[PDB]
Amino acid sequence: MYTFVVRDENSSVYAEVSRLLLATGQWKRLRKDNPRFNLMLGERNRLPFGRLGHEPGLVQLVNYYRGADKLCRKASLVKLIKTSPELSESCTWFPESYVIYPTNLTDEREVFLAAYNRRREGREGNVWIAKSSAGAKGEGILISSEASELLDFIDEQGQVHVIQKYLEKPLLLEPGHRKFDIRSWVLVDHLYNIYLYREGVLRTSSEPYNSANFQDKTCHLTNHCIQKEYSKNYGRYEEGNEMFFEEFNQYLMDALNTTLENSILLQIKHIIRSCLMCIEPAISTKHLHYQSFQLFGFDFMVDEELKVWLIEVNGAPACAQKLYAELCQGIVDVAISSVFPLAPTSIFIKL
Amino acid sequence: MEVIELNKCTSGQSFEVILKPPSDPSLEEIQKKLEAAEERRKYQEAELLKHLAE
Amino acid sequence: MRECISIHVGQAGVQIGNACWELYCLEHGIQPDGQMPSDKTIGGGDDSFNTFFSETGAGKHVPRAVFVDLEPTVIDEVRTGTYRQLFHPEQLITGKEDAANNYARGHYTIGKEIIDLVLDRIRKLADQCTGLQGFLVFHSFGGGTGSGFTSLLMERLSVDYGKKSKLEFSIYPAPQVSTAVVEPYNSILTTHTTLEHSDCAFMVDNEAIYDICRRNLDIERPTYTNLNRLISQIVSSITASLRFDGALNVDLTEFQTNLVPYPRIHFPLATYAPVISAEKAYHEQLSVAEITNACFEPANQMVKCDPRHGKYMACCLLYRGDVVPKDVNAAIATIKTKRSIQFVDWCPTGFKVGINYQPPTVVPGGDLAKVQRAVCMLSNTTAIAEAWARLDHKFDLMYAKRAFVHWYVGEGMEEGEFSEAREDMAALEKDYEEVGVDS
Amino acid sequence: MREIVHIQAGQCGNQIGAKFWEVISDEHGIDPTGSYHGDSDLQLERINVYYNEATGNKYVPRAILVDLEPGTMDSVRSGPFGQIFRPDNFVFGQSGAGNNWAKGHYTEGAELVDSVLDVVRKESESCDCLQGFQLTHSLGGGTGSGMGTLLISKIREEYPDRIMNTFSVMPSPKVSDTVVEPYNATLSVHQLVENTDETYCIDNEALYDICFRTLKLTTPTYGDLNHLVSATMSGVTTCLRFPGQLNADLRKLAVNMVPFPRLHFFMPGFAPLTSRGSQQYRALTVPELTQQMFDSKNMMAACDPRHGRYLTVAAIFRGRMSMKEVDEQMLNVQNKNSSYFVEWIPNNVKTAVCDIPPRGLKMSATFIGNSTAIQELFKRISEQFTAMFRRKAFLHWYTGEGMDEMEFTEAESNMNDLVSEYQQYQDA
Ligand SMILES: CC[C@H](/C=C(/C)[C@@H]1C[C@@H](OC)C[C@H](O)C(C)(C)[C@@]2(O)O[C@@H](C[C@@H](OC)[C@H](O)C(=O)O1)C[C@@H](OC)[C@H]2O)CO
Ligand SMILES: C/C(=C\c1csc(C)n1)[C@@H]1C[C@@H]2O[C@@H]2CCC[C@H](C)[C@H](O)[C@@H](C)C(=O)C(C)(C)[C@@H](O)CC(=O)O1
Ligand SMILES: Nc1nc2c(ncn2[C@@H]2O[C@H](COP(=O)(O)OP(=O)(O)OP(=O)(O)O)[C@@H](O)[C@H]2O)c(=O)[nH]1
Ligand SMILES: Nc1nc2c(ncn2[C@@H]2O[C@H](COP(=O)(O)OP(=O)(O)O)[C@@H](O)[C@H]2O)c(=O)[nH]1
Ligand SMILES: [Ca+2]
Ligand SMILES: [Ca+2]
Ligand SMILES: [Ca+2]
Ligand SMILES: [Mg+2]
Ligand SMILES: [Mg+2]
């Protein structure tokens, strides 16, 4: 009989994973501070990694990679891409971004203003965005072209923000004239095998894209929470603004002649591989005293030329409603049972 | 890969390799603490003997 | 020549001390008798080994060491053992009853009664020093004596010898060989009161040594003897620079200078290689590059932690045996491209290297194989704070219910000292976190 | 931390005490005349803990024999090893205590107590460094219960900084002499909660159940019961009598076992225990010792440890075996049943190994548990006490000795507080 502890109740994914474990009958759930566990489903912040792997007679595993936050923090991701001898600025799939510390509490201000003299007289669209390392659930973003409107919006809040180059030409979905982001889920096991979930999702805008109306960013930065609020046309096509891969493939064959497999997913597998292999030697638990696995949520943005761009990497993602059972079962199958056996074929693609 | 300060002798040698540059309480206080603790022990024992005498 | 006095406190300090002085004698060719044939200067000298050994007119080489324990049975063995002629009775000090795994009993109750004798015997050794540089103190964290009496001793030493350096070799508690439930209490209590009095402390986690003995020496259930022979090899590597001709870590002050930028952050991580079983018949001898790369393996560390998730402040490589600087530089160059070695911004990314040509000496009939080259890395990394975190958590679990606390208050300690010691530890974890992490 | 002074009081105290000395004398190679005749120096290394040295290489138990009637101690002189005890250490009256705590504690016992303390003092003065005291007695009679606890209080007055340890036999209707046993036991427990550091709760109910259910003995005698106690007392004192790292003296044992001063009542156990008879020469294994020693049906205090949690545990293995296997076995018991050990005391199970096995066994294991389930023992005594007290039945035997009802009310209140304090940590 194996044992585990739950130290993050707010996890919808691992509440389901936990429920799955108990229903196997070969797993027992313990108190959160019982150190005699095989598996830790840990908290989202200040996870006590230093306390793992110090229990004689116990193989221990945790559902997070220590240091994986360098991909998951908005401000840390930019820093890592720029200063890596594997990524560097030889990164053609990530929007130009600059880290902006406020002028009260190092920084790339005269790098955002120094590189700004490129589209000012360059007569190119100078649209930028403003995201927080941890915004108010789904709010705290200001999109504008005025360079002096954003270098003071960050000095209006009490944290560090990242100013990211906005894709003025996003790929349009019809009928609707809308802008969407793609979510793919990635599972990295203890052996550091990269497992992409075959089923991704599309977070669609429930309102026509508007290049004019800028202060109303409700058809921009579509998130399945704010969108439901402001949208007075909530899901005329699909439930909960969720378009799935089988259907998106059909729209691609109808209105763009090509398919999903042809190039877009190709650029996606390259992106996931590039980020995770970059961080491999730093976070791998190859010969550590404890083991790690983690579920990642990569958010993508495609454009008119079917080019894939990278928004964020979510370290603690929630899944789509219809995929929960399948994905969570998959997590148990390759991440947990592979370490703790019992007594086909899988739904993943080993990158 | 700068090697500096190489020093050699019959017993061996030493050097430095740089990959990249940068970018109280008195004796009396102690006596006071030890004596205070001793006093607390004495008081606790006194209370015990008092309880036993009852 | 500047002398060093070694102080061994409690069972762990004494038994480790035994192992170290045995190994010292082997390394310097000193008989249990105390005679040293190779030494042509009779009854005195200013050689490098004289830093640890004084001399009598009859040619006996006497360890500059004091053994202290609150009960007599462990020191008794030294008195009646192989190296009994090495020491004279004044150097071996014993009480009647021990501290019963109680810091308060070792520090306040029993410590108060024996502290003045201990200091006097130490003063006698110091009186025979033309230039005492300081002290090396050996003790466990978990024992009543090793924790309680040591911290009292350290306070008085700071008073009696304000200018002198004080280095620690400390045994961090591990359940697989631990003898008391209250060891986290004793560990935190002693670290708090010792902190401002220690210049550099080398923590050895019993768990790490235990696992190394199982993993690499194929010992099913390691004993204290097995553990201490490995520990003494580490200690010897660290103190070799003080006992032999050389230019690196040549005095106690240099340890602080080279490894301890910030006073409170004075706990260097030791990592040693290679550890090879004396039973293995056909063994292939590891290269400079291999033993050096092994220094960055958590499995070879004296404290299990992950340096990848921390920052270096300093790094010293101490080699013994067939080693030339060219091969060290080649090894470091390769390792730097394949390892996560990040220094803090206000420190040079560099390595201080020392090489002693004499290969490690092993105890005949021991568990360790004779090797041609070995290395001990001393790195000040913030990752060692993992050990403080583990210890502080165990403290919190028990203290929240005040478990066992009455044992300490019964000895005259105040409950507030628990909280005061725990807060200092919380500040210490905070200090490490600032140095090693960026927001 | 060297010498322990042993005191045995009353019939039960002297009977179990006599057997204890028989068993350990055999283990240490001491013959009934006090002469050493062993083949190992392991036997003599810590012999001074329980034995004084006389002239002619004679070893004499540091033991004091106390009773208010001469009968049982006459039996001790006549029994095996009767000659080994110091003749001047026999202290006895003629009146008896009639199974009455008051008589033992306040009247008859009070007259005899000073002469006992004279012998204790004589033994203590001869000690290089006295650890403390151990007392064997029952709680259900008059001498062991009443005078035993009187002695403990007097000794604590003269030696406030020494460890006091008892082997206390708890009464049970299953093996009962008089109806007033719950009175005597409740009164004694109140003394024990205040004046002992460690108390091994030896429940005659559990001993009987073990003899019946486990050992298949139809009609268990005191001889049977005492063999269980004798073996357990040998095991629990192993760490004191032989060279070792863990719980090597009384104070270190207490510091490891007692997280709160009142909660110092231990649940002992022994293994192997096997009925006849395809199981006497059979090779015993480490896993078999470990599983039995932790089994609820094997505890020597009639309570169910599965209903409670362990604050602390001491385990002692004896004989030649694999320490690697001992470690693995102790680990899996904890890892597979972690809920039964409080998480707020990390690593609360401690293991000791001694090379010398007990007589007639190649290997054995002794269990010592501080479990919150021990409340069931005190709760049982409390119910029996209350059943009589609510009607003031049999009280006249006590009030006739100068006691009043208020003292009974206090003892009852104190024992019920003990029960609830054990309950507090069972849910903490
Ligand atoms: C851990 C402390 C400890 C608590 C428990 C629960 C412990 C654990 C284990 O023993 C150490 C059990 C053990 O490993 C077994 C499973 C082989 C087994 O012996 O369990 C019992 C029943 C069990 O209680 C249910 C037992 O009475 C008991 O006390 O178990 C049936 C028996 O049928 C053949 C067999 O199946 C109390 O000190
Ligand atoms: C010999 C014994 C166990 C054993 C040896 S080999 C094996 C597989 N089990 C234990 C000995 C333990 O010291 C305790 C003795 C307890 C004696 C009994 C209470 C009683 O006096 C006696 C009549 C017995 O019941 C047996 C003789 C059957 C006794 O062996 C039972 C027992 O487990 O003894
Ligand atoms: N490595 C090693 N650790 C030891 C040795 N002896 C004891 N320990 C460890 O030290 C801790 C106990 O401290 P001790 O030194 O034995 O106790 P003490 O300093 O004598 O203090 P008291 O006996 O309570 O008066 C436990 O964690 C043991 O695992 C030893 O010889 N080698
Ligand atoms: N286990 C055991 N219990 C005993 C023995 N003799 C008496 N008892 C128990 O002790 C209680 C009676 O106390 P006892 O010692 O006979 O009275 P005392 O002489 O005044 O101390 C009853 O609960 C008996 O069951 C014995 O030899 N072994
Ligand atoms: Ca000389
Ligand atoms: Ca009379
Ligand atoms: Ca008198
Ligand atoms: Mg000791
Ligand atoms: Mg009787």
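Looking at the entry header, you'll see X-ray crystallography listed as the method and 2.20 Å as the resolution.

**Topic: the sheet that holds strand β1 (residues 4-9) of chain C**
Residue and element names in this part refer to chain C. Across the sheet, 6 strands lie side by side as β5-β4-β1-β6-β7-β8; this open sheet has parallel pairing. For this open sheet the edge positions go to β5 (92-94) and β8 (200-205), each flanked by a neighbour on one side alone. With strand direction ignored, the average angle separating the axes of adjacent strands in the sheet is 15 degrees. The pairing of β1 with strand β6 (residues 134-140) spans 5 bridges and is classified as parallel. Its bridge partner being in β6, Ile-7 is matched across the sheet by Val-137. Across the face of the sheet, helix α9 (residues 252-259) comes into contact with β1, β6, β7 (165-172) and β8 while running at roughly 70 degrees to β7.

**Notes on the site of ligand 3**
Of all residues adjacent to ligand 3, which total 24 residues, the nearest are C:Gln15, C:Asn101, C:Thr145, C:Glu183 and C:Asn228. Around ligand 3, the neighbouring residues derive from chains C and D rather than from a single chain. C:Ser140 places a polar side-chain atom, nitrogen or oxygen, 2.9 Å from an oxygen atom of ligand 3. Considered on its own, ligand 3 offers 640 Å² of accessible surface; in the complex 98% of this is hidden by protein. Of all the secondary-structure elements, those providing two or more residues to the shell around ligand 3 are α1 (10-28), α5 (144-160) and α8 (224-243) of chain C. Per-element tally for the shell around ligand 3: the top contributor is α1(C), with 4 residues.

**Some details on the interface of chain B and chain C**
Every contact between the two is made by 32 residues of chain B and, on the other side, 40 residues of chain C. Overall, the association of chain B and chain C removes approximately 3000 Å² of surface from exposure, summing both partners, and the carbon and sulfur fraction of that is 58%. Looking at the side of chain B facing chain C, the largest losses of area belong to B:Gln13, B:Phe15 and B:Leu34, adding up to 20% of the total buried there. On inspection of chain B and its partner chain C, the count reaches 15 residue pairs in polar contact. Of all the elements in the fold, those that place two or more residues in the side of chain B that touches chain C are β1 (2-9), β2 (12-20) and α1 (27-53) of chain B. A per-element tally of the side of chain B that touches chain C places α1(B) first, with 11 residues.

Rules used in this analysis
Residues numbered from 1 in each chain as written, not as in the entry; some residues may be left out. Chains lettered and ligands numbered in written order. Part of a larger assembly, values for the part shown. Heavy atoms only, no water. Pairing = 2+ DSSP bridges. Helix = DSSP H or I, 4+ residues; strand = E, 2+ residues; numbered from the N terminus. Axes fitted to C-alpha atoms, helices over the stretch in contact; angles between N-to-C directions. Contact = heavy atoms within 4.5 Å. Near = heavy atom within 4 Å. Polar contact = N/O pair within 3.5 Å; in protein donor to acceptor, adjacent residues only side chain to side chain. Areas by Shrake-Rupley, 256 points an atom, 1.4 Å probe, with all protein chains shown as cover. Buried area = accessible area lost by both parts, 1.4 Å probe.

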